[PDB]
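Starting off, we have a lone chain in the form deposited in one PDB entry, written out as structure tokens.
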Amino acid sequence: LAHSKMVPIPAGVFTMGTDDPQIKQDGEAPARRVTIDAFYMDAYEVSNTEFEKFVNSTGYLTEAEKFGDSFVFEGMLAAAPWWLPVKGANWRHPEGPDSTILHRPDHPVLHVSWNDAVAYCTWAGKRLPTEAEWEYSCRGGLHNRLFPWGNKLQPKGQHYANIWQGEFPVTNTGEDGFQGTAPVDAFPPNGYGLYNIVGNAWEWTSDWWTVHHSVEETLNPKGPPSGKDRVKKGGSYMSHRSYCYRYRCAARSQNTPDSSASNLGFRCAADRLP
């Protein structure tokens, strides 16, 4: 395993967002040309094992642990009836106190807040990516496509990401091989060498959330200077076309930075190799 490895994301110009928004309320539009300097991105979502190294080193207590609860999806025992605040749910106990990570060390760490993620990434000599860096990387060198790999959900009849199959939220068939999370190195890489950039765990980025974007060309944009929620990207193992069509690189959602949940993790980035 080399689950803290990073890949070089090349310098480039890309179209962020889309002029054919699928969830207009989320400010997927307008499409805008963005220039990104070369940098490095974690190939993998941060895993339980990698987060455990951080905690062993620092003694860090996550915000869910301090608050004493976190959000868990009902189907695996609030924003929706299927999100329950579970006492004792946290990164080590993803469905509550009588769950464990012992059998899933290589799955993405969950129940980590924005602050938790920033602490980890900085400890590791890295940082969170910006939304623009994250989306550019997600797109994997392709222009104006829905997914990191193209426009077809199952190219060549193959599953390319861990999302939901079946009727959400009642029945997840596990057709793609995983009902909950998958190992961080599951599924094919995109064109830049990134795994699970759509699906599996949602991913925090550094930006404050807004839905108001200019079409002006920008360079290494950081998002708005203020806000109340931070941007998350990429969808999760819960995502489905029928209700949360957000396993697209252009998609986006938000949460307050102290929020945590059983489908939300992160990966780091860095200007240079640490």
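The numbering used is simple: start at 1 and walk along the sequence shown.
This next part talks about the form deposited with a partner chain bound, which is not shown.
- With a 4.5 Å cutoff on heavy atoms, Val170 does not count as touching the partner chain in the entry with it bound; it lies far away.
- The partner chain in the entry with it bound is not approached by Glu52, whose heavy atoms all lie more than 4.5 angstroms from it.
- When contacts are judged by a 4.5 Å heavy atom cut-off, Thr205 does not count as touching the partner chain in the entry with it bound.
- Contact annotation for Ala31: none of its heavy atoms lies within 4.5 Å of the partner chain in the entry with it bound.
- The candidate stretches are 145-153, 79-87, 182-190, 121-129, and the one lying within 4.5 Å of the partner chain in the entry with it bound by heavy atoms is 79-87.
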